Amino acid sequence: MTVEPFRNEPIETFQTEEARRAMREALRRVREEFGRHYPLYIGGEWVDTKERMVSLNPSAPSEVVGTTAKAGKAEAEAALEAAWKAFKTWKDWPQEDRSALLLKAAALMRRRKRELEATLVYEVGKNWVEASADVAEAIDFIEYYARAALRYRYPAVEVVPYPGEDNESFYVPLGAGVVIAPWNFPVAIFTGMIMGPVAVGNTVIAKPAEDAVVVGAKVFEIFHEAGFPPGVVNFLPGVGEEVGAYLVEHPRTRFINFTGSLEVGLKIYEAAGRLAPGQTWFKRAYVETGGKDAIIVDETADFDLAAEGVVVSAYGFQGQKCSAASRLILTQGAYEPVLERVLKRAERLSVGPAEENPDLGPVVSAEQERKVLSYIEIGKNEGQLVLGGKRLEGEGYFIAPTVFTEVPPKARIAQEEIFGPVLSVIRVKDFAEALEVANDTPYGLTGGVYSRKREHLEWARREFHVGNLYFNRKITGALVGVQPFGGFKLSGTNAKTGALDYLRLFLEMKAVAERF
């Protein structure tokens, strides 16, 4: 090793005056820069367009956080050209030089962390700690993938020797690919999806989510300052399906890395399976597509610990996480004690503009607000509303923490990903039934169990079919390196982020034999 062992970046809690002072200044400076315009980034240069995209503050949507250029087909075509041109030489950088570039980018990101956190607060409505966790995870992806990439450098393939021959097997990167990123972790996941493939010699055209174009631009400012060669990373914010679909379907797109909704993920996977006219390879598509994640609590659990973990898991970042607890499955003995505790905790959660560091900021957009409120109306005819279920006062998209109980396991609110602060509570007889209910959704991303019974935990380890399973703690906030992150079933393709296995997805193997 040429660098210190990987450790996770600390997540700031802002309990020191020093941290508060630094954050207040960062927020003030980001606020003072509202209205700034950020161009596209293609082939090493900032490229403007006639059309613009607007990014609003979800805590006060009359406020424009910033604008960006808007990519169309011509810009996508230019990005593809730049990315393939860059690939020709980027693929042949020694791995230590690519990894060093990543480490430089991590150092630069770390030095701008308060600024990036403040931008998340304003652009996507994260409170302070949610913002800090996001930026810390992004730094983690860079630090982790820089180190992981070294494990694939030659020699890395175990082969059986043969007499009179030299047999060499080695990995090579795939080419130029497309990243389609989500709005909910628009520093962390945006960064990881791009830097993983780039680390091992691929080039990337990245399409940020519409709601998070400004913070995506700032990440590109970092990539640019770090000195990635022209074309290695490209930034194409865009409205609607145009540029994303064009890139996914293009015969010259080698791979697609996607994190977002199941509806979109299904379309991408289907498109990736088709041979576009003139295409000369089988596209790889990595899709991470959300969840309907449950926490099971049985009567042996620490009910106070469970209630706290449930509230954190359900309502952190307003439940806008693919890992969020949206189902709470309670055995008969656990039902009253746990539900009472969850209600008492949840009813005390504050909701307000994200800059004030409330427990919950707003949901991310007017459209998200409409969807969550619509699911709340649906829930009213499926289960019993016992907390919240209302839009609060204010211009921001403020929705109260919401609980439905006695929810049928096959109810729409118990099956479909709402991605808002809406918890569905399901009552079951025992742990066996809890597992059946937990597994009976199309998804399989995260799950948790609060229980002191060792046999129930072991049972869940074997039978609770989720990619990331947690015992006696929150089910959100998977840490890079610690918990390889990715799911089963309709939660996606099990591309485990923050794990050595992630980078293998972006490599192919060549075997060369010389007979002497």
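So that there is no doubt, residue numbering starts at 1 and follows the sequence shown.
If you average the C-alpha B-factors over 466-474 and over 49-57, the higher value belongs to 49-57. Set 209-217 against 191-199 and average the Cα temperature factors; 209-217 ends up higher. In this entry, the residue among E249, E158, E165, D293 with the greatest C-alpha B factor is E249. Within the listed group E143, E137, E117, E406, the record reports its top CA B-factor for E406. The PDB entry assigns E508 a C-alpha temperature factor belonging to the lowest third of its chain's modelled residues.
Sort the modelled residues of the chain by CA B factor and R21 lands in the highest third.
Ranked against the other modelled residues of its chain, the C-alpha B-factor of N357 as given in the entry falls in the middle third. For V480, the recorded CA B-factor ranks within the lowest third of the chain. Only modelled residues enter the ranking. In this PDB entry, the Cα temperature factor of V65 sits in the middle third of its chain's modelled residues.
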